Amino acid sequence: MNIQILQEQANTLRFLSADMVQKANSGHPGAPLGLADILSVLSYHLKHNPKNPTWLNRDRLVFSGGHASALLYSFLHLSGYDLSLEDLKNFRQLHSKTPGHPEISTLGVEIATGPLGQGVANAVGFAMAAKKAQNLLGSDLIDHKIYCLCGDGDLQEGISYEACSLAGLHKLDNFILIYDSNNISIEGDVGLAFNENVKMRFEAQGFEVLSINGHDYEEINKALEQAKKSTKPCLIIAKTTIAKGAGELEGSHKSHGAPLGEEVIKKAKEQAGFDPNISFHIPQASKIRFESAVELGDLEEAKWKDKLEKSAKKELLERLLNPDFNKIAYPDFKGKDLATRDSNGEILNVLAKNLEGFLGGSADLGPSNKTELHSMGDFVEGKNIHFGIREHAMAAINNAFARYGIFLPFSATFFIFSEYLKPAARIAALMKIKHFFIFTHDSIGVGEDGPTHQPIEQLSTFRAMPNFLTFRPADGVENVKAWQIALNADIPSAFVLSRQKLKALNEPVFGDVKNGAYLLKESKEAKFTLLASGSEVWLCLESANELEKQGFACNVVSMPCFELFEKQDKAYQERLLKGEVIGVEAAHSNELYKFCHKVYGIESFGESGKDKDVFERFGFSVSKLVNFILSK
């Protein structure tokens, strides 16, 4: 470790990154160039095995400024991960392993980033997950760091303050946040929009704060040594120059998000002692030095595996890595009238008891969402996590729990406030992680709290989001079957649950919850089919009975999951959807026109009043629905 080798290594990273952006004619060269000295020093401190990116006790590295992807990919390549030089040459191209922002399908990428702020919160989540993993498995087996690189944009986002609040509270002395402070954003000088005392901000949240020049190798190294010894979460404020090394583009906002240009790169290479006429050059000394991570990480992982072999926690780790969902005996809710928040809370408790890695919490609404895991204690010793009023950071934190390697997390709030965490839910979907979203208080049935607390459009949002099952169970039995599918699925799920008591259903007549929609009532030569979910299913059952008394044969379809129903074959859908099909939901759900001729929904915002008063006002009564169905 000396200046000449560190300079060569950092410049190798710079010019790989610049060359990648240039070949693509797209991307972000400024942050890579600004960060290249820090990452060169950090490569000496990072404990990781490039040949086994799943090693449980690896240090976790997060690039919250995911636009700096070319630098990440340069580093993964150089360090010996399964990412080739040819992969680097296909930066930002269709179907490459080097997409414009990082994706977990690229080995070595810990978590997808891009939407600013998320990475900072994910890094907090990894640090909390590491603290829990240490509680379970012991400090002999879990003792690693979590490093996050972030920029101005990350620290302006609300989610960064939310997550960092939690990091200070939980004394996350495994978390090192490195802030690239380059005074530049897309609109130019960061001073146009931000002038906080960042050191005071973070000290207020319980961090130790170090302040460095991010192009001085000795200072970077000294800060990392001191950070690694901290008794607090630590922030390193690193003053850098955007596009450092790129001559006329140094410090320019124009370097943020467009290629540097061929001539700028040539001049830059000249100044650094690189040949301007070659691209994608990796000097020998740098190549050997970066790739030493392979030998060193192999040895560290071997040492760890030896500690695991001696551990009393071997069998526990095996259960955490291989949960048996089929063994679980769920509650039997057959014939029991209940609010689905209450059925769901019972199920959460059964899962927490059966699954040592199943945990989670609510954003200050445990008692209302019914998510308390009774007698299972508070984090870190126990399983209940108190996220505070921090819906967005809760979801981004739990995204990281779901990536850590041994956890099955849930996030809970009122369905209306799903909107506060939706960007993080989207990242769960993009990554196809197993993270469960618990959303209670699902409709105008909320009643008195009024229209700011009454969901209308949120069902449409979650249904429209790809890679995300949205279950809206009509009773406890549906709620169980929903969980059984969710645990076995390869994508995340949300559970949309009532405040109010719902009536238990009779048994399926044809199909079941796994088909997304199924029949509760089936009539030969049906003139009408009433299709509903959740709280509206009994309205439909009753309306269908009135229609039958008037001489109309009816099917009734329960649809606890739209997305699953979309996947059924045509013969199945045809058997359910007979005659004139009317969909009925306390939501503004135009998507039901995919399966229904008519939709009996809610097209406005709600009203503050008693639940029965509000449902009647919005037309959810047997008399009104029957009059609609009979068109008069």
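Start at 1 and count along the sequence shown; that's the residue number.
Annotation for 365-373 versus 243-251: the higher mean temperature factor (C-alpha) is found in 243-251.
Judged by mean Cα B factor in the deposited record, 133-141 ranks above the other of 133-141 and 412-420. Comparing the listed residues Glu536, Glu318, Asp442, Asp154, the entry records the largest Cα B-factor for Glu318. Which of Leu348, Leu192, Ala494, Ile433 has the largest Cα B-factor in the deposited entry comes down to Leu192.
The deposited CA B-factor of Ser69 belongs to the lowest third of values across its chain. Remark: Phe274 belongs to the highest third of its chain, ranked by C-alpha B-factor as recorded. In the deposited entry, the Cα temperature factor of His453 sits in the bottom third of values across the chain's modelled residues. Among the modelled residues of the chain, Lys524 sits in the highest third by CA temperature factor in this PDB entry.
Among all modelled residues in this chain, the alpha-carbon of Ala312 has a temperature factor (C-alpha) in the highest third.
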